[PDB]
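The structure file upload01.txt is reproduced below (compact mmCIF, C-alpha atoms and all ligand atoms).
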# COMPACT_ATOMS: atom_id res chain seq x y z
CA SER M 2 -10.23 -38.07 11.19
CA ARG M 3 -11.94 -37.20 7.92
CA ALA M 4 -13.44 -34.07 9.50
CA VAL M 5 -9.99 -32.75 10.45
CA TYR M 6 -8.58 -33.51 7.00
CA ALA M 7 -11.48 -31.63 5.41
CA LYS M 8 -10.81 -28.42 7.36
CA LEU M 9 -7.11 -28.51 6.46
CA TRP M 10 -7.97 -28.97 2.78
CA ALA M 11 -10.37 -26.00 2.85
CA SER M 12 -7.93 -23.65 4.61
CA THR M 13 -6.61 -22.48 1.21
CA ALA M 14 -9.89 -22.39 -0.73
CA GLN M 15 -9.95 -18.58 -1.11
CA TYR M 16 -6.65 -18.16 -2.96
CA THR M 17 -8.14 -15.75 -5.50
CA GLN M 18 -9.63 -13.49 -2.83
CA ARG M 19 -6.37 -13.32 -0.88
CA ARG M 20 -4.49 -12.28 -4.03
CA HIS M 21 -7.01 -9.45 -4.42
CA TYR M 22 -6.29 -8.36 -0.85
CA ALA M 23 -2.60 -8.31 -1.80
CA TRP M 24 -3.42 -6.00 -4.72
CA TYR M 25 -5.03 -3.50 -2.36
CA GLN M 26 -2.12 -3.49 0.10
CA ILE M 27 0.55 -2.87 -2.55
CA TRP M 28 -1.41 -0.29 -4.54
CA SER M 29 -2.03 1.70 -1.34
CA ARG M 30 1.73 2.02 -0.82
CA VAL M 31 2.44 2.95 -4.44
CA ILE M 32 -0.34 5.41 -5.31
CA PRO M 33 1.11 8.39 -3.36
CA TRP M 34 3.96 8.60 -5.89
CA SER M 35 1.41 10.20 -8.25
CA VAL M 36 1.63 13.52 -6.36
CA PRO M 37 5.35 14.26 -6.93
CA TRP M 38 5.09 13.21 -10.57
CA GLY M 39 1.90 15.25 -10.91
CA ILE M 40 3.40 18.46 -9.55
CA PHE M 41 6.30 18.25 -12.00
CA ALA M 42 3.98 17.69 -14.97
CA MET M 43 1.89 20.80 -14.27
CA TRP M 44 5.11 22.69 -13.49
CA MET M 45 6.35 21.87 -17.01
CA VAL M 46 3.20 22.72 -19.01
CA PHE M 47 2.31 25.85 -17.03
CA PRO M 48 4.17 28.31 -19.32
CA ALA M 49 2.52 26.92 -22.48
CA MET M 50 -1.00 27.82 -21.32
CA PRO M 51 -2.75 31.17 -21.86
CA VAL M 52 -2.22 34.04 -19.45
CA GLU M 53 -5.87 33.96 -18.38
CA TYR M 54 -5.63 30.34 -17.26
CA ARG M 55 -2.32 30.84 -15.44
CA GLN M 56 -3.96 33.42 -13.16
CA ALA M 57 -6.83 31.05 -12.29
CA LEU M 58 -4.88 28.03 -11.03
CA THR M 59 -2.98 30.33 -8.63
CA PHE M 60 -5.87 32.49 -7.34
CA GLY M 61 -4.52 35.72 -8.79
CA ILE M 62 -1.07 35.26 -7.25
CA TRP M 63 0.82 34.81 -10.51
CA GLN M 64 1.28 37.86 -12.73
CA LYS M 65 3.27 38.75 -15.82
CA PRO M 66 6.98 39.51 -15.27
CA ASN M 67 7.95 43.16 -14.87
CA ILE M 68 11.39 43.54 -16.46
CA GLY M 69 11.02 47.10 -17.77
CA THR M 70 10.19 46.57 -21.45
CA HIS M 71 7.16 46.67 -23.78
CA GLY M 72 5.19 49.37 -22.01
CA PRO M 73 2.08 51.21 -23.19
CA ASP M 74 2.34 53.49 -26.22
CA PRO M 75 1.64 57.20 -25.53
CA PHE N 65 18.78 23.17 16.49
CA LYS N 66 16.10 23.28 19.20
CA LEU N 67 13.92 25.69 17.20
CA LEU N 68 14.12 23.60 14.03
CA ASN N 69 13.21 20.42 15.94
CA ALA N 70 10.18 22.10 17.52
CA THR N 71 8.48 22.72 14.15
CA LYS N 72 8.00 18.97 13.52
CA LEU N 73 9.08 19.41 9.89
CA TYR N 74 10.92 16.09 10.17
CA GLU N 75 7.94 14.09 11.46
CA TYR N 76 5.49 15.46 8.87
CA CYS N 77 7.55 16.12 5.72
CA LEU N 78 11.04 14.53 5.69
CA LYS N 79 10.87 11.13 7.45
CA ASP N 80 8.90 9.53 4.58
CA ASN N 81 10.55 9.61 1.16
CA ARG N 82 7.22 9.95 -0.68
CA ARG N 83 6.48 13.09 1.35
CA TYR N 84 10.12 14.24 1.16
CA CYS N 85 9.76 14.34 -2.63
CA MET N 86 6.44 16.19 -2.38
CA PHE N 87 8.31 18.76 -0.28
CA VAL N 88 11.10 19.06 -2.86
CA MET N 89 8.86 19.64 -5.88
CA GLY N 90 6.42 21.91 -4.06
CA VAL N 91 8.93 24.13 -2.26
CA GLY N 92 11.04 24.37 -5.40
CA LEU N 93 8.06 25.53 -7.45
CA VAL N 94 7.22 28.37 -5.05
CA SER N 95 10.79 29.38 -4.21
CA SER N 96 11.87 29.67 -7.85
CA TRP N 97 8.99 32.06 -8.50
CA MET N 98 9.78 34.34 -5.54
CA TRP N 99 13.48 34.33 -6.47
CA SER N 100 12.77 35.65 -9.98
CA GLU N 101 10.33 38.31 -8.78
CA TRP N 102 12.82 39.64 -6.21
CA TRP N 103 15.71 39.82 -8.69
CA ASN N 104 13.51 41.71 -11.16
CA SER N 105 12.80 44.37 -8.52
CA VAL N 106 16.50 44.80 -7.74
CA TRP N 107 17.19 45.08 -11.47
CA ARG N 108 14.58 47.83 -11.87
CA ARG N 109 15.87 49.80 -8.87
CA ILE N 110 19.55 49.78 -9.86
CA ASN N 111 18.58 50.78 -13.42
CA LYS N 112 16.00 53.46 -12.64
CA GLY N 113 15.88 56.01 -15.45
CA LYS N 114 17.68 53.86 -18.04
CA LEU N 115 15.02 51.28 -18.96
CA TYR N 116 12.49 51.77 -21.75
CA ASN N 117 9.42 52.04 -19.50
CA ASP N 118 11.04 54.82 -17.44
CA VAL N 119 11.41 57.49 -20.17
CA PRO N 120 8.22 58.06 -22.19
CA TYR N 121 8.91 59.13 -25.75
CA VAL N 122 7.55 62.54 -26.78
CA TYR N 123 6.43 63.03 -30.37
CA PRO N 124 7.39 66.21 -32.29
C1 LIG U 201 19.58 24.48 7.49
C2 LIG U 201 20.03 24.73 6.08
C3 LIG U 201 19.57 26.08 5.56
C4 LIG U 201 20.31 26.54 4.32
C5 LIG U 201 19.92 27.93 3.85
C6 LIG U 201 18.51 28.03 3.29
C7 LIG U 201 18.25 27.10 2.13
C8 LIG U 201 17.06 27.48 1.27
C9 LIG U 201 17.25 28.78 0.52
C10 LIG U 201 16.75 28.74 -0.92
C11 LIG U 201 16.76 30.08 -1.62
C12 LIG U 201 16.41 30.01 -3.09
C13 LIG U 201 17.47 29.36 -3.95
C14 LIG U 201 17.22 29.48 -5.44
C15 LIG U 201 16.11 28.59 -5.97
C16 LIG U 201 15.37 29.17 -7.15
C17 LIG U 201 16.24 29.51 -8.34
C18 LIG U 201 16.45 28.36 -9.29
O1 LIG U 201 16.96 27.31 -9.00
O2 LIG U 201 16.00 28.66 -10.50
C19 LIG U 201 16.47 27.86 -11.61
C20 LIG U 201 17.32 28.74 -12.49
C21 LIG U 201 16.52 29.87 -13.09
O3 LIG U 201 15.14 29.77 -12.69
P1 LIG U 201 14.00 30.39 -13.62
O4 LIG U 201 13.65 29.42 -14.68
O5 LIG U 201 14.44 31.75 -14.01
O6 LIG U 201 12.73 30.58 -12.67
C22 LIG U 201 11.51 31.13 -13.22
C23 LIG U 201 10.34 30.72 -12.35
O7 LIG U 201 10.27 29.30 -12.27
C24 LIG U 201 9.02 31.27 -12.84
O8 LIG U 201 8.10 30.17 -13.06
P2 LIG U 201 6.74 30.43 -13.85
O9 LIG U 201 6.36 31.85 -13.69
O10 LIG U 201 6.85 29.87 -15.22
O11 LIG U 201 5.66 29.57 -13.05
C25 LIG U 201 5.47 29.80 -11.64
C26 LIG U 201 4.18 29.16 -11.20
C27 LIG U 201 4.18 27.68 -11.44
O12 LIG U 201 2.86 27.15 -11.17
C28 LIG U 201 2.62 25.90 -11.57
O13 LIG U 201 3.33 25.30 -12.33
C29 LIG U 201 1.36 25.36 -10.97
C30 LIG U 201 0.44 26.43 -10.43
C31 LIG U 201 -0.96 25.91 -10.12
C32 LIG U 201 -1.03 24.97 -8.93
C33 LIG U 201 -2.44 24.49 -8.63
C34 LIG U 201 -2.57 23.69 -7.34
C35 LIG U 201 -3.97 23.17 -7.08
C36 LIG U 201 -4.11 22.38 -5.79
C37 LIG U 201 -4.01 23.23 -4.53
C38 LIG U 201 -4.18 22.44 -3.25
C39 LIG U 201 -4.26 23.30 -2.00
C40 LIG U 201 -4.44 22.50 -0.72
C41 LIG U 201 -4.64 23.36 0.52
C42 LIG U 201 -4.82 22.56 1.80
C43 LIG U 201 -5.12 23.42 3.02
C44 LIG U 201 -5.31 22.62 4.30
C45 LIG U 201 -5.68 23.49 5.48
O14 LIG U 201 4.07 29.36 -9.75
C46 LIG U 201 3.27 30.34 -9.32
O15 LIG U 201 2.61 31.04 -10.05
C47 LIG U 201 3.31 30.46 -7.83
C48 LIG U 201 2.42 29.45 -7.11
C49 LIG U 201 1.26 30.09 -6.37
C50 LIG U 201 0.11 29.14 -6.07
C51 LIG U 201 0.26 28.37 -4.77
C52 LIG U 201 0.30 26.86 -4.95
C53 LIG U 201 1.65 26.34 -5.40
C54 LIG U 201 1.67 24.86 -5.71
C55 LIG U 201 1.46 23.95 -4.51
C56 LIG U 201 1.53 22.48 -4.85
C57 LIG U 201 1.24 21.55 -3.69
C58 LIG U 201 2.28 21.59 -2.58
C59 LIG U 201 2.02 20.61 -1.44
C60 LIG U 201 2.09 19.15 -1.85
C61 LIG U 201 1.95 18.18 -0.69
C62 LIG U 201 0.58 18.17 -0.02
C63 LIG U 201 -0.53 17.73 -0.94
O16 LIG U 201 17.83 27.91 -13.59
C64 LIG U 201 19.14 27.61 -13.60
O17 LIG U 201 19.94 28.06 -12.83
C65 LIG U 201 19.47 26.65 -14.70
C66 LIG U 201 20.96 26.31 -14.75
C67 LIG U 201 21.29 25.12 -15.64
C68 LIG U 201 20.93 23.79 -15.03
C69 LIG U 201 21.50 22.60 -15.78
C70 LIG U 201 20.99 21.27 -15.27
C71 LIG U 201 21.69 20.07 -15.88
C72 LIG U 201 21.74 20.10 -17.39
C73 LIG U 201 22.17 18.79 -18.01
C74 LIG U 201 21.11 17.71 -17.96
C75 LIG U 201 21.60 16.35 -18.40
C76 LIG U 201 22.38 15.61 -17.33
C77 LIG U 201 21.53 15.19 -16.14
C78 LIG U 201 21.80 16.00 -14.88
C79 LIG U 201 20.86 15.68 -13.72
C80 LIG U 201 21.18 16.45 -12.45
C81 LIG U 201 20.24 16.14 -11.31
What do you get writing this file as structure tokens?
Amino acid sequence: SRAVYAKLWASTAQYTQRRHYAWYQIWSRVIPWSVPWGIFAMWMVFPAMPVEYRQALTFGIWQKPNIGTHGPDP
Amino acid sequence: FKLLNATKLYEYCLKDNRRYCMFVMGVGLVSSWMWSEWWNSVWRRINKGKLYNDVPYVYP
């Protein structure tokens, strides 16, 4: 019947929308890889920043190294 | 082995490779910092009295 043939033709009318739904599915699996790569980036540029900023991103945990040199002058 | 398995570190941090790599980079960042700080303290204790900051210079 022509009615049946019409519904079969229309079954694939929303190709473009289904490709967009594919985009979402794949990008949701891939986007978490930004965290490992992000930690390493900050890890690399941390020593090139000022001392004042290095103590802020760590909540006062980080401090200058104490190796026993360059102490105050009497 | 029973104690390790009861922390659920495998289920939450090592079963998924994306999270496994988060664990590697994060733990390595913190561990490397504690390792250096500890070795500096040992160095200062063994060498007490010989380093520059331990003997203030007196002017004539
Ligand atoms: C069962 C088995 C058990 C076995 C036994 C146990 C095993 C384990 C034992 C391990 C013991 C330790 C072992 C030693 C390890 C450490 C030593 C070591 O390795 O040192 C390296 C060693 C020397 O180390 P070093 O450089 O002296 O170390 C200095 C420090 O790094 C000093 O660094 P720094 O001072 O410059 O910077 C430090 C700074 C660095 O700081 C930073 O960079 C960033 C700081 C700001 C972070 C801001 C974060 C903001 C967001 C916070 C979010 C919070 C959420 C809270 C949620 C709460 C929820 C309730 O960090 C801090 O200040 C501390 C951090 C405090 C803040 C807390 C936050 C931390 C970050 C957290 C991130 C997120 C984690 C979770 C993620 C997942 C969930 C989301 O180097 C060598 O030996 C080099 C040798 C030569 C290597 C040659 C390599 C090959 C060369 C050829 C290459 C070409 C060929 C290719 C080859 C490729 C091969 C692969």
**Study point:** Protein and nucleic residues near ligand LIG 201 (chain U), 9 Å, all atoms listed in the file, as JSON, numbers by chain
**Key:** {"M": [36, 37, 40, 41, 42, 43, 44, 45, 46, 47, 48, 49, 55, 56, 57, 58, 59, 60, 61, 62, 63, 64, 65, 66], "N": [68, 77, 83, 85, 86, 87, 89, 90, 91, 92, 93, 94, 95, 96, 97, 98, 99, 100, 101]}
Take the residues just selected and output them with C-alpha atoms as an mmCIF file, in the frame of the given file.
data_model
loop_
_atom_site.group_PDB
_atom_site.id
_atom_site.type_symbol
_atom_site.label_atom_id
_atom_site.label_comp_id
_atom_site.auth_asym_id
_atom_site.auth_seq_id
_atom_site.Cartn_x
_atom_site.Cartn_y
_atom_site.Cartn_z
ATOM 1 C CA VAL M 36 1.630 13.520 -6.360
ATOM 2 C CA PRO M 37 5.350 14.260 -6.930
ATOM 3 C CA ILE M 40 3.400 18.460 -9.550
ATOM 4 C CA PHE M 41 6.300 18.250 -12.000
ATOM 5 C CA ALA M 42 3.980 17.690 -14.970
ATOM 6 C CA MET M 43 1.890 20.800 -14.270
ATOM 7 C CA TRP M 44 5.110 22.690 -13.490
ATOM 8 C CA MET M 45 6.350 21.870 -17.010
ATOM 9 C CA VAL M 46 3.200 22.720 -19.010
ATOM 10 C CA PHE M 47 2.310 25.850 -17.030
ATOM 11 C CA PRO M 48 4.170 28.310 -19.320
ATOM 12 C CA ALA M 49 2.520 26.920 -22.480
ATOM 13 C CA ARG M 55 -2.320 30.840 -15.440
ATOM 14 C CA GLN M 56 -3.960 33.420 -13.160
ATOM 15 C CA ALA M 57 -6.830 31.050 -12.290
ATOM 16 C CA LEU M 58 -4.880 28.030 -11.030
ATOM 17 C CA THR M 59 -2.980 30.330 -8.630
ATOM 18 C CA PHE M 60 -5.870 32.490 -7.340
ATOM 19 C CA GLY M 61 -4.520 35.720 -8.790
ATOM 20 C CA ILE M 62 -1.070 35.260 -7.250
ATOM 21 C CA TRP M 63 0.820 34.810 -10.510
ATOM 22 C CA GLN M 64 1.280 37.860 -12.730
ATOM 23 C CA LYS M 65 3.270 38.750 -15.820
ATOM 24 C CA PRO M 66 6.980 39.510 -15.270
ATOM 25 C CA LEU N 68 14.120 23.600 14.030
ATOM 26 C CA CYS N 77 7.550 16.120 5.720
ATOM 27 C CA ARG N 83 6.480 13.090 1.350
ATOM 28 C CA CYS N 85 9.760 14.340 -2.630
ATOM 29 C CA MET N 86 6.440 16.190 -2.380
ATOM 30 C CA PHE N 87 8.310 18.760 -0.280
ATOM 31 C CA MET N 89 8.860 19.640 -5.880
ATOM 32 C CA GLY N 90 6.420 21.910 -4.060
ATOM 33 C CA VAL N 91 8.930 24.130 -2.260
ATOM 34 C CA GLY N 92 11.040 24.370 -5.400
ATOM 35 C CA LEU N 93 8.060 25.530 -7.450
ATOM 36 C CA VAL N 94 7.220 28.370 -5.050
ATOM 37 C CA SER N 95 10.790 29.380 -4.210
ATOM 38 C CA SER N 96 11.870 29.670 -7.850
ATOM 39 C CA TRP N 97 8.990 32.060 -8.500
ATOM 40 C CA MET N 98 9.780 34.340 -5.540
ATOM 41 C CA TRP N 99 13.480 34.330 -6.470
ATOM 42 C CA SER N 100 12.770 35.650 -9.980
ATOM 43 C CA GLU N 101 10.330 38.310 -8.780
#
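Taking all atoms listed in the file into account, the protein, DNA and RNA residues within 12 Å of (18.9, 48.3, -17.2) read residues 68, 69 and 70 of chain M; 104, 105, 106, 107, 108, 109, 110, 111, 112, 113, 114, 115, 116, 117 and 118 of chain N.
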Check your understanding: In Å, with one decimal, what is the gap from CA of residue 79 (chain N) to CA of residue 22 (chain M)?
Key ->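 A separation of 27.3 Å between them.
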Point to revise | Two-atom distance - CA of residue 23 (chain M), CA of residue 38 (chain M) (Å) | key: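 So the answer is 24.5 Å.
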Check your understanding: Mind pulling up the distance from CA of residue 75 (chain M) to CA of residue 122 (chain N)?
Key -> 8.1 Å
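With only C-alpha atoms as the atoms that count, the minimum distance from chain N to the choices M:4, M:32, M:27, M:11 is reached by M:32.
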Exercise for review: Can you work out which one of M:33, M:54, M:3, M:18 has the shortest atom-to-atom distance to chain N, counting only C-alpha atoms?
Suggested key: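 Selected residue with least distance to chain N: M:33.
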